[PDB]
Amino acid sequence: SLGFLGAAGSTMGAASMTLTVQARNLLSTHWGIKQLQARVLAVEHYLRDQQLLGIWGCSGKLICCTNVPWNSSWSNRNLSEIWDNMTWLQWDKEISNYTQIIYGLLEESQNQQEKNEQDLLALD
Amino acid sequence: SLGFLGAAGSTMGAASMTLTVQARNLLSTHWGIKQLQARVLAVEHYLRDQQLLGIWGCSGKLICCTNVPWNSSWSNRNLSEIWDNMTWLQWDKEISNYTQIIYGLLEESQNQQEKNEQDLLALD
Amino acid sequence: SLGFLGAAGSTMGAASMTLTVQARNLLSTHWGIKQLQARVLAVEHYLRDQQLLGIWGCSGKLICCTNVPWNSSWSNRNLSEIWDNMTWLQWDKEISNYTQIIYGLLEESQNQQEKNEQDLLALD
Amino acid sequence: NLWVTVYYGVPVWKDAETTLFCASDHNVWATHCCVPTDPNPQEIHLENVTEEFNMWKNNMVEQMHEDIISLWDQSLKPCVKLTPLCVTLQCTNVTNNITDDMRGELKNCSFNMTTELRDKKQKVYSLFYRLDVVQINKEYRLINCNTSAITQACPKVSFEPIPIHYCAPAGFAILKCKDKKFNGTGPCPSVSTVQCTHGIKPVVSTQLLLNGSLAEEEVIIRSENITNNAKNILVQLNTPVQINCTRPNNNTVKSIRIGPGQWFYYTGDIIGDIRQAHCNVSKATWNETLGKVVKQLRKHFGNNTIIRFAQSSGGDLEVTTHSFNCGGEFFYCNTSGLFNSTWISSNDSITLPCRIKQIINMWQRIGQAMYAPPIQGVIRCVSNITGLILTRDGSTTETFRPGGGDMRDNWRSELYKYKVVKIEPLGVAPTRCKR
Amino acid sequence: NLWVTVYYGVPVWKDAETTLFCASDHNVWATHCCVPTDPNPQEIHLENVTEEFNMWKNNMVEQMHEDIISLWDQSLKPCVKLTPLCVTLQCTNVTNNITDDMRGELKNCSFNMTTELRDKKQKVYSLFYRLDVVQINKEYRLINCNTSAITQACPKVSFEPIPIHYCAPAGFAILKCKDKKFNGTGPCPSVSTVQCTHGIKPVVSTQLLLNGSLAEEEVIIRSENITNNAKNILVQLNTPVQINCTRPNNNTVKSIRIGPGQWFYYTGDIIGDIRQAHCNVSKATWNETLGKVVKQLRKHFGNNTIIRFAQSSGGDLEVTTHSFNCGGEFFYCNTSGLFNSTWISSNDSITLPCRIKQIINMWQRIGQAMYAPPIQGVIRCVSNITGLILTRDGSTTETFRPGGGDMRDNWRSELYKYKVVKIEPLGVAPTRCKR
Amino acid sequence: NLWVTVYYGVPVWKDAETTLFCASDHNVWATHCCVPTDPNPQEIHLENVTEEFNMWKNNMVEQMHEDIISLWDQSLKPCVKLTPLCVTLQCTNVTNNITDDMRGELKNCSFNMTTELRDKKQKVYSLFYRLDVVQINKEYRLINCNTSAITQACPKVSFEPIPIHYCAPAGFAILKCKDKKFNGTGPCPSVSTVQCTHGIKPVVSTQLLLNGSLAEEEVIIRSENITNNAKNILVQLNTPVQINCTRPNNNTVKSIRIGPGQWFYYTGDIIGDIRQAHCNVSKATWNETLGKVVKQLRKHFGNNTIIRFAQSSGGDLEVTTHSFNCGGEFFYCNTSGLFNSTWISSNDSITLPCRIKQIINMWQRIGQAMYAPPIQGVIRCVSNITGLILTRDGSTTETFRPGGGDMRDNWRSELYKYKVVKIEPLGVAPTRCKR
Ligand SMILES: *[C@@H]1O[C@H](CO)[C@@H](O[C@@H]2O[C@H](CO)[C@@H](O)[C@H](O)[C@H]2NC(C)=O)[C@H](O)[C@H]1NC(C)=O
Ligand SMILES: *[C@@H]1O[C@H](CO)[C@@H](O[C@@H]2O[C@H](CO)[C@@H](O)[C@H](O)[C@H]2NC(C)=O)[C@H](O)[C@H]1NC(C)=O
Ligand SMILES: *[C@@H]1O[C@H](CO)[C@@H](O[C@@H]2O[C@H](CO)[C@@H](O)[C@H](O)[C@H]2NC(C)=O)[C@H](O)[C@H]1NC(C)=O
Ligand SMILES: *[C@@H]1O[C@H](CO)[C@@H](O[C@@H]2O[C@H](CO)[C@@H](O)[C@H](O)[C@H]2NC(C)=O)[C@H](O)[C@H]1NC(C)=O
Ligand SMILES: *[C@@H]1O[C@H](CO)[C@@H](O[C@@H]2O[C@H](CO)[C@@H](O)[C@H](O)[C@H]2NC(C)=O)[C@H](O)[C@H]1NC(C)=O
Ligand SMILES: *[C@@H]1O[C@H](CO)[C@@H](O[C@@H]2O[C@H](CO)[C@@H](O)[C@H](O)[C@H]2NC(C)=O)[C@H](O)[C@H]1NC(C)=O
Ligand SMILES: *[C@@H]1O[C@H](CO)[C@@H](O[C@@H]2O[C@H](CO)[C@@H](O)[C@H](O)[C@H]2NC(C)=O)[C@H](O)[C@H]1NC(C)=O
Ligand SMILES: *[C@@H]1O[C@H](CO)[C@@H](O[C@@H]2O[C@H](CO)[C@@H](O)[C@H](O)[C@H]2NC(C)=O)[C@H](O)[C@H]1NC(C)=O
Ligand SMILES: *[C@@H]1O[C@H](CO)[C@@H](O[C@@H]2O[C@H](CO)[C@@H](O)[C@H](O)[C@H]2NC(C)=O)[C@H](O)[C@H]1NC(C)=O
Ligand SMILES: *[C@@H]1O[C@H](CO)[C@@H](O)[C@H](O)[C@H]1NC(C)=O
Ligand SMILES: *[C@@H]1O[C@H](CO)[C@@H](O)[C@H](O)[C@H]1NC(C)=O
Ligand SMILES: *[C@@H]1O[C@H](CO)[C@@H](O)[C@H](O)[C@H]1NC(C)=O
Ligand SMILES: *[C@@H]1O[C@H](CO)[C@@H](O)[C@H](O)[C@H]1NC(C)=O
Ligand SMILES: *[C@@H]1O[C@H](CO)[C@@H](O)[C@H](O)[C@H]1NC(C)=O
Ligand SMILES: *[C@@H]1O[C@H](CO)[C@@H](O)[C@H](O)[C@H]1NC(C)=O
Ligand SMILES: *[C@@H]1O[C@H](CO)[C@@H](O)[C@H](O)[C@H]1NC(C)=O
Ligand SMILES: *[C@@H]1O[C@H](CO)[C@@H](O)[C@H](O)[C@H]1NC(C)=O
């Protein structure tokens, strides 16, 4: 249908149906140094995003529902105003100051879950 | 315990029992560039295969069962021929024209499944 | 709060609450090679550990419970001697002789498990 | 009520700077070192996406500049050095077939050169173009002897530009501006995504831009700040102006060995009449073209003002004169015949006289000189003027003069449509599911 | 009914070209740059696997060629440049203790050489071998003064071959053919997998192959196309032929300074009588060896044909003679005494005369000459002939001659049994399992 | 009834050797090529962690040594070569204004050097410091003409130390020892983790260590094996001793083109009288400092023993004198005025005479000489003595002398508190959890 980033500008609800379009393009004699640096950098960025998904308990998923509630202080926009009337570029700008807060909450939540699972599995 | 490619030539139903033998041996003065390119390339190939398993919903598995039905137009053989007489090299040479069809279907199936899970969890 | 290896020296059960702390610190002319090699090496080590978790069925976890029983021949201590009265550096030395045995057992139990899952999913 | 949901593969990006690599389909651009291209390249139109572009802050320009210089220098590394040539020369005038245009332009110089054996010498004479030779006190020396060493360019390596495509690494993308009448700094309502730029020819010139892209609807005038005087004005033309350049002399090229495996090339003689190099521009086309430029300038300077064109005020030949490589020779053409008019609200050509130099200092550097060996025979080349670089003088009359000199402004005329962004696939949004 | 099941770690592979690295273990081969070897490697036999090998399309050969040349050149980068040696020489003949054969093969040349100080000169004389000196008009110059610079090889760096192991990168594997009597181009029913090749010694020779692997059952004859007379034939012997080579002259080596920390080495004099260099091949062994070779040639040429061996056809010494490095000296041996027989169905040697050169142009390149400093004392080396390179003339007699020159043909004799493949661990197959 | 549980992110480590990289913040250390530093680096204290350190087996020292040499060499690579300067010199003594401290230390030499044009020569007069010139038989030569080439250091590139921070790559960390009175080889009860070291200035000196770290409470004596004689003793002071060094001569520097864009710098003349370079150390501070050194030395040699200090016994200036770079000049100061006492259970300074050299052979290598161009005017520098390098002679009296020469002993005095460890985040332990 659309190529890489062809969904940009569409609403978030529409853009979410093309997630593999972008996921598949990640990772895809002095002048050999530029080529190696370019290749290594692509790998490092890929791995950092994957590491976070691992830490947050979203490894292997494109869509991951978690146990961290949404705070209206980050944004109080209605879901019909977010998913149908905004694109992802706009959304990213709207909440760009809260991503560190959210990320900290996501990793802490998963850490607590790791510990609760371990204890339940210790019962016979 | 036959060695790295020791099961090659055995039938598919036998060779499937050595998947860790092969998996564990993957990923393991201008000469500095020559050697470094060799190392970078090994990493890139490893990551691309892992990325596909991720996209298809097979992350972390050596054996993964999906929801894509097999089409007789890709290959029409009895399962006993495939698993008891053929080896994997022979199989690879017969199904080689369909791999880009099958991979596409595996991706579509997983993306639809994640959407369905996300919607179902809206009720949890 | 104890930002990196700050739990070293604390008991094993105390340090278990800081696993994300260390995980997040992995991956983050002539020299253009010296620096690049350092970056590539960091990636290679990261991936080797992730591959082992993968083949043990622990790909998305920080705390992974397995099906391999503990042998008193590796270590014959009580839980309160290991978890409350010892640190991780001490434990690592205590069983450094048996890590290869344990890893081999973990690889095998995962293979037995994946085959059993494949067979059960064929019954319907 | 709402929960955080993490999404991966989200189509967003950020302005970013990364290192780009080249793709390219014996050449001073070492194109054999570049990646083969995609025969069916993709371009993805982005509907409802408006981006901010700024051609004056575009780091692609800086990378092109650095790669061009590095490729240039690498091509000279294995070539014969001319250290043995920096000797006192004994020179007289070439007076044999002078049409009075060339009086004093060519000098006949003799010298003692080294040879294959270090205990022998040979007497050699050759012709020089004056601009390359300076007087010592009939004693002359090459102009570079008190500043820099000279490396002879390899005679087998072409200087002809080959289009170079700049490609982003995975995880990055290049956004292209598709709007017409785009001035280089505003928002661009219509954009598309590509992985590689189109090929750009690294044409080197100093006042007029040659063999670039044309504007499609009108002449477009771009500048960082049009009301300043400290900035150059880049004018992109709608139609090309054809220019015919020649070095109408039949050269006989001779060579000598100056050491073991070391050959030196020089002009031995000239057959027939000696004439000046020159370029032809049609008057009718030029007049219409310049009139179009004036019309567009009026949008910023007034419909009741006077627009005057004049010659560059002074400075080095590389700045005041229009320089280019034509068939391997380096020409310095006088453009005073193109910018000599006041605009107030046929087969008749313009001839621009040109000078030739063999000792060249490129990229405005000091200490690295190149010797361009002569080309045998007669040289003719035809090229397109696709743009201009003008400056404005610091009443009711504005005056514009040829500018240029600084190579980064040539590359800005091709790279203005592109920007590099980083893809940021991971992000969050509220929704109804939890787990 | 059936479902797609994805498997990872599938034991399959494809032909591929990748970069191999060296792992070998004061030498021209940078074995100190290479990776240390594994104490014992793991060779895995593959039961029921037949694979196709093609020794003539093997990219391992091209990499070996490039790596050897690059290492060779790197070893000369820090060595003395003999620029000041290219002078007019005053040469006379060495006549003091000359036997009839080696007469006119030594020159006694004097010249003016530089010293540590720019303002001083020294008179030096040395001995040269004629092959490396050419006449100018008594006045001589070194043979390469009109084409190249000469780099003196460093006297402390050995030219003795050290085995080098070629290793595949992770994700790749090297398949090896264990088929005895394997001709290099067909299916191989018995294969194994290794990570690294056996050590291969980079022995350089031109007509006879020295110190390689032997055939296990019989003489094996291989070529790209046995009926194409434009192709070379590689013959692998199953028995060595021992060859004893010597330079039976006692050289006194002198050294002078030629510049600020630079020194030149040369033969000063010869103690005792002057004798021709030579190689000894036993007649009986050589005649048995050819008998085996012709027996095998008849399989392709007929059981009623005539097989005739003859000398080389022409060209320079590098192809007309058998060249090799013996103790640091470079020998050019006449093999006409070996290839002189027609085949139709005790303590007695063959002496092959040899000449010595000091100025050497390797790898058939132009512009890069090496000066091999002389070795003090008397040289003797013993080596094994493990194979031959033969050509065939373009109607009852098939005439064969020594071939050579193209170094890739020597490597092909060790690498014929290896192929590089890419491991492709991911794939699919139908099963009755779904989810 | 316990099961194996796998934990990832476990806070453990192993001793390891990896490559560290440079971080920093027109200088021979090429700090522009280093990673900019973190303005707010962290240090994390590890409670209840005891580690073993061994400063004598610390591979960080070896890397610093290699990096410093490589940075040094690449900074001379692009500078003017002085090859044409190795000529016979005609020299007489400078006797115009001598305080007989300098009686015969300076010589006035004349020579014929090259010019921009090959056919012309220039006569040059210059002053040399004796230690740089040797007599040939009045006829002199530069001291290194029979051992090495000389490269002139670039006059625009500073030799002043800039702190360098060594940083571990991800997956590695550097542990620092916080214990006071730590002698470098025992267990360290108090440690902390850092990613980068503090900045270390690459000060190059012999015998006395300049501008290093001070001990917190008391003088600390460290050695690999205190009872050997084959090992040096490193003494860290807890107070600085101020040393004031100068060359009180108003030297006028001249510059001559020696080739096509090449230039040689030299001392033309000296304004005023000619005096000896020297360093001033206060006696009271030095005597208190030395007494502290003795007090802590008795701990290993007996509190009833005799401690005697003496001058170094022999070797070249690099080891017999205190070498340092002061304002770009290289000083060789005689320290026998400091190490002259026997210890048994206002504004009066010690003056150390110093010599100056221009032809330098650093890192104890042979074949690479540097010419340090002179610095115009009068030079003065003030620095802190923060430690000593002492040797011990092989009865009742222990005799100690200044040691030095091996640069790794200097860097080891700053890096003694750090070790590199590899993080091993994966491990197992028994729990009651099973799945
Ligand atoms: C190579 O092929 C042979 C068959 O030609 C395999 O041998 C069979 O192994 C099975 C399982 O043990 C036995 O039930 C059969 O009776 C054997 N066949 C014969 C003719 O003996 C052999 O295992 C294969 N090798 C490898 C490594 O897979
Ligand atoms: C199984 O494969 C066949 C062959 O590709 C599919 O049939 C084709 O379907 C397309 C429409 O998408 C038609 O244009 C072709 O003419 C059909 N070819 C034939 C031979 O019938 C079929 O749909 C696939 N079935 C399933 C369940 O995947
Ligand atoms: C270092 O060791 C001390 C003990 O020597 C630890 O402090 C104890 O912590 C327990 C658990 O909170 C308390 O019940 C004790 O009363 C504490 N004892 C003392 C003397 O303070 C300390 O937490 C350890 N540090 C780290 C980082 O683990
Ligand atoms: C685990 O083993 C340790 C060591 O044997 C136990 O510690 C001792 O346990 C015995 C009972 O078996 C007591 O009599 C000792 O007094 C304990 N030693 C001390 C002083 O700590 C430990 O108790 C065992 N498991 C537990 C804690 O139940
Ligand atoms: C080339 O070399 C010749 C040498 O024959 C130079 O001729 C000499 O020139 C010098 C003056 O520079 C006279 O004093 C000699 O008498 C000349 N020698 C003869 C016999 O010709 C010639 O000058 C050199 N090249 C130039 C600069 O002309
Ligand atoms: C564009 O250029 C104009 C000048 O043509 C700049 O305006 C001047 O700014 C300075 C500094 O504030 C004032 O002192 C002058 O009086 C201003 N001149 C005029 C005519 O207004 C303007 O700032 C520049 N804009 C940018 C973005 O660089
Ligand atoms: C090496 O052995 C192979 C067989 O393993 C020979 O292959 C033949 O090649 C010709 C080419 O024209 C084909 O027509 C034959 O059918 C092939 N035979 C077989 C059995 O495959 C090859 O010619 C031999 N080469 C040499 C030099 O001996
Ligand atoms: C090549 O040299 C070897 C010795 O290096 C010769 O072997 C010797 O032969 C004689 C005569 O039969 C024996 O007495 C010696 O004992 C042998 N030496 C050894 C070490 O075994 C060989 O004959 C020579 N071959 C040729 C063709 O000259
Ligand atoms: C530095 O201090 C350590 C103590 O932490 C000393 O180590 C001891 O060495 C002596 C002599 O070998 C032994 O008798 C001790 O038993 C060692 N103790 C330990 C902890 O092993 C070390 O010798 C001191 N070094 C110096 C130069 O003072
Ligand atoms: C652009 O907006 C229109 C509505 O004005 C919508 O129909 C169209 O689908 C949007 N484009 C994209 C890519 O979503
Ligand atoms: C982030 O904070 C700045 C003030 O520092 C504010 O101007 C900006 O609008 C904020 N952005 C968001 C998404 O809240
Ligand atoms: C030679 O050229 C100079 C200009 O460089 C001129 O002054 C002189 O008159 C000319 N001589 C002749 C004979 O034309
Ligand atoms: C380009 O367009 C922008 C629109 O915001 C305007 O501000 C700027 O002055 C224009 N510049 C030129 C040279 O036309
Ligand atoms: C022009 O040059 C030719 C040689 O190419 C010569 O014969 C002729 O005399 C010259 N013309 C004049 C006016 O001297
Ligand atoms: C120059 O110095 C040397 C030093 O050994 C001395 O012997 C000589 O006499 C001095 N010459 C003069 C003129 O002072
Ligand atoms: C320079 O060269 C001349 C050659 O005649 C020689 O006499 C003179 O002594 C040399 N000058 C020096 C300082 O050696
Ligand atoms: C050296 O003497 C000159 C004399 O003109 C003076 O200008 C200069 O400042 C003096 N330099 C020093 C360091 O005294």
# chains A, B, ... in the order shown; residues from 1 in each chain; ligands from 1

$ interface_residues --of "chain F" --to "chain C" --cutoff "6 Å" --atoms "only C-alpha atoms" --output "list in words"
residues 2, 3, 4, 5, 6, 7, 8, 9, 11, 12, 46, 48, 49, 170, 171, 433, 434 and 435 of chain F

$ residues_near_ligand --ligand "ligand 8" --cutoff "12 Å" --atoms "only C-alpha atoms and all ligand atoms" --output "number ranges by chain"
E: 241-246, 278-286, 346-352, 380-385

$ write_last_selection --atoms "N, CA and C atoms" --output "PDB file, in the first residue's frame"
ATOM      1  N   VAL E 241      59.307 -35.304  -5.299  1.00  0.00           N
ATOM      2  CA  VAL E 241      60.592 -35.506  -5.931  1.00  0.00           C
ATOM      3  C   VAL E 241      61.539 -34.583  -5.208  1.00  0.00           C
ATOM      4  N   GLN E 242      62.603 -35.114  -4.648  1.00  0.00           N
ATOM      5  CA  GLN E 242      63.468 -34.247  -3.877  1.00  0.00           C
ATOM      6  C   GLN E 242      64.425 -33.491  -4.753  1.00  0.00           C
ATOM      7  N   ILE E 243      64.446 -32.175  -4.592  1.00  0.00           N
ATOM      8  CA  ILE E 243      65.337 -31.323  -5.361  1.00  0.00           C
ATOM      9  C   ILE E 243      66.291 -30.536  -4.429  1.00  0.00           C
ATOM     10  N   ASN E 244      67.615 -30.654  -4.680  1.00  0.00           N
ATOM     11  CA  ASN E 244      68.704 -30.025  -3.919  1.00  0.00           C
ATOM     12  C   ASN E 244      69.275 -28.820  -4.670  1.00  0.00           C
ATOM     13  N   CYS E 245      69.044 -27.576  -4.183  1.00  0.00           N
ATOM     14  CA  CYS E 245      69.476 -26.352  -4.866  1.00  0.00           C
ATOM     15  C   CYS E 245      70.556 -25.639  -4.077  1.00  0.00           C
ATOM     16  N   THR E 246      71.526 -25.125  -4.802  1.00  0.00           N
ATOM     17  CA  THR E 246      72.630 -24.424  -4.193  1.00  0.00           C
ATOM     18  C   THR E 246      73.181 -23.261  -4.969  1.00  0.00           C
ATOM     19  N   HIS E 278      73.061 -24.188  -9.121  1.00  0.00           N
ATOM     20  CA  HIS E 278      72.398 -25.309  -9.771  1.00  0.00           C
ATOM     21  C   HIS E 278      71.456 -26.069  -8.846  1.00  0.00           C
ATOM     22  N   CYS E 279      70.572 -26.914  -9.434  1.00  0.00           N
ATOM     23  CA  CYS E 279      69.682 -27.830  -8.715  1.00  0.00           C
ATOM     24  C   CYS E 279      69.863 -29.273  -9.198  1.00  0.00           C
ATOM     25  N   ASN E 280      69.807 -30.209  -8.257  1.00  0.00           N
ATOM     26  CA  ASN E 280      69.929 -31.639  -8.522  1.00  0.00           C
ATOM     27  C   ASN E 280      68.608 -32.393  -8.321  1.00  0.00           C
ATOM     28  N   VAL E 281      68.179 -33.131  -9.371  1.00  0.00           N
ATOM     29  CA  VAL E 281      66.982 -33.999  -9.399  1.00  0.00           C
ATOM     30  C   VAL E 281      67.411 -35.436  -9.733  1.00  0.00           C
ATOM     31  N   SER E 282      67.062 -36.438  -8.932  1.00  0.00           N
ATOM     32  CA  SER E 282      67.510 -37.806  -9.266  1.00  0.00           C
ATOM     33  C   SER E 282      66.902 -38.295 -10.574  1.00  0.00           C
ATOM     34  N   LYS E 283      67.693 -38.929 -11.466  1.00  0.00           N
ATOM     35  CA  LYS E 283      67.107 -39.381 -12.731  1.00  0.00           C
ATOM     36  C   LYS E 283      66.055 -40.442 -12.593  1.00  0.00           C
ATOM     37  N   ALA E 284      66.270 -41.410 -11.717  1.00  0.00           N
ATOM     38  CA  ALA E 284      65.298 -42.477 -11.616  1.00  0.00           C
ATOM     39  C   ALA E 284      63.983 -41.979 -11.081  1.00  0.00           C
ATOM     40  N   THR E 285      64.039 -41.103 -10.090  1.00  0.00           N
ATOM     41  CA  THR E 285      62.826 -40.623  -9.493  1.00  0.00           C
ATOM     42  C   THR E 285      62.084 -39.792 -10.498  1.00  0.00           C
ATOM     43  N   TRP E 286      62.805 -38.923 -11.195  1.00  0.00           N
ATOM     44  CA  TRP E 286      62.164 -38.084 -12.180  1.00  0.00           C
ATOM     45  C   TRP E 286      61.516 -38.889 -13.305  1.00  0.00           C
ATOM     46  N   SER E 346      70.667 -45.524 -10.656  1.00  0.00           N
ATOM     47  CA  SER E 346      71.452 -45.741  -9.446  1.00  0.00           C
ATOM     48  C   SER E 346      72.495 -44.644  -9.263  1.00  0.00           C
ATOM     49  N   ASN E 347      72.239 -43.752  -8.308  1.00  0.00           N
ATOM     50  CA  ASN E 347      73.136 -42.638  -8.005  1.00  0.00           C
ATOM     51  C   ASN E 347      73.540 -41.866  -9.258  1.00  0.00           C
ATOM     52  N   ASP E 348      72.562 -41.237  -9.901  1.00  0.00           N
ATOM     53  CA  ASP E 348      72.813 -40.471 -11.100  1.00  0.00           C
ATOM     54  C   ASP E 348      71.795 -39.340 -11.178  1.00  0.00           C
ATOM     55  N   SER E 349      72.264 -38.102 -11.036  1.00  0.00           N
ATOM     56  CA  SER E 349      71.392 -36.932 -11.006  1.00  0.00           C
ATOM     57  C   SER E 349      71.353 -36.119 -12.294  1.00  0.00           C
ATOM     58  N   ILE E 350      70.329 -35.294 -12.387  1.00  0.00           N
ATOM     59  CA  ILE E 350      70.118 -34.344 -13.449  1.00  0.00           C
ATOM     60  C   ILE E 350      70.535 -33.005 -12.910  1.00  0.00           C
ATOM     61  N   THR E 351      71.436 -32.313 -13.585  1.00  0.00           N
ATOM     62  CA  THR E 351      71.840 -31.017 -13.071  1.00  0.00           C
ATOM     63  C   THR E 351      71.195 -29.921 -13.877  1.00  0.00           C
ATOM     64  N   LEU E 352      70.507 -29.039 -13.184  1.00  0.00           N
ATOM     65  CA  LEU E 352      69.836 -27.908 -13.783  1.00  0.00           C
ATOM     66  C   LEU E 352      70.657 -26.663 -13.468  1.00  0.00           C
ATOM     67  N   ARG E 380      72.485 -23.524   0.595  1.00  0.00           N
ATOM     68  CA  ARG E 380      71.945 -24.794   0.163  1.00  0.00           C
ATOM     69  C   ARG E 380      70.542 -24.937   0.778  1.00  0.00           C
ATOM     70  N   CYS E 381      69.539 -25.374  -0.019  1.00  0.00           N
ATOM     71  CA  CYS E 381      68.163 -25.618   0.417  1.00  0.00           C
ATOM     72  C   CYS E 381      67.666 -26.894  -0.240  1.00  0.00           C
ATOM     73  N   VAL E 382      66.829 -27.610   0.485  1.00  0.00           N
ATOM     74  CA  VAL E 382      66.247 -28.829  -0.029  1.00  0.00           C
ATOM     75  C   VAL E 382      64.753 -28.732   0.013  1.00  0.00           C
ATOM     76  N   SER E 383      64.116 -29.016  -1.095  1.00  0.00           N
ATOM     77  CA  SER E 383      62.673 -28.912  -1.160  1.00  0.00           C
ATOM     78  C   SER E 383      62.045 -30.068  -1.922  1.00  0.00           C
ATOM     79  N   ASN E 384      60.715 -30.232  -1.770  1.00  0.00           N
ATOM     80  CA  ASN E 384      59.924 -31.269  -2.430  1.00  0.00           C
ATOM     81  C   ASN E 384      59.140 -30.706  -3.610  1.00  0.00           C
ATOM     82  N   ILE E 385      59.214 -31.375  -4.781  1.00  0.00           N
ATOM     83  CA  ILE E 385      58.385 -31.053  -5.939  1.00  0.00           C
ATOM     84  C   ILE E 385      57.148 -31.869  -5.725  1.00  0.00           C
TER      85      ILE E 385
END

$ residues_around --residues "stretch 203-207 of chain E" --least-positions-apart "2" --cutoff "8 Å" --atoms "only C-alpha atoms" --output "ChimeraX atom specification"
/E:161,201,209-211,318-319,321-325,388-390,402-405,407,410

$ closest_atom_pairs --of "chain F" --to "chain D" --cutoff "9 Å" --atoms "only C-alpha atoms" --output "CSV"
residue,atom,partner,partner_atom,distance
F:116,CA,D:145,CA,5.9
F:117,CA,D:87,CA,4.9
F:118,CA,D:87,CA,5.3
F:119,CA,D:87,CA,6.2
F:120,CA,D:87,CA,8.6
F:257,CA,D:146,CA,8.0
F:259,CA,D:146,CA,7.9
F:260,CA,D:145,CA,5.1
F:261,CA,D:147,CA,4.4
F:262,CA,D:148,CA,8.1

$ write_last_selection --atoms "N, CA and C atoms" --output "compact mmCIF listing (two decimals), in the first residue's frame"
# COMPACT_ATOMS: atom_id res chain seq x y z
N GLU F 116 64.57 27.72 -2.25
CA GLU F 116 63.36 27.38 -2.99
C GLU F 116 63.68 26.85 -4.37
N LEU F 117 64.73 27.37 -4.99
CA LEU F 117 65.08 26.94 -6.32
C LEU F 117 66.21 25.95 -6.22
N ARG F 118 66.14 24.89 -6.99
CA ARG F 118 67.17 23.87 -6.92
C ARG F 118 68.56 24.34 -7.27
N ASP F 119 68.68 25.29 -8.17
CA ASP F 119 70.00 25.73 -8.56
C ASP F 119 70.67 26.69 -7.58
N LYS F 120 69.95 27.17 -6.56
CA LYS F 120 70.55 28.13 -5.64
C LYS F 120 70.74 27.60 -4.23
N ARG F 257 63.55 29.97 4.40
CA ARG F 257 62.98 28.97 3.53
C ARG F 257 64.07 28.03 3.09
N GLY F 259 63.14 25.25 1.19
CA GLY F 259 62.53 24.54 0.08
C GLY F 259 61.18 25.17 -0.24
N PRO F 260 60.40 24.59 -1.12
CA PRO F 260 59.15 25.11 -1.63
C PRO F 260 58.05 25.09 -0.60
N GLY F 261 58.05 26.11 0.24
CA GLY F 261 57.08 26.24 1.32
C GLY F 261 57.58 25.63 2.62
N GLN F 262 58.85 25.29 2.64
CA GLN F 262 59.45 24.68 3.81
C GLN F 262 60.21 25.75 4.57
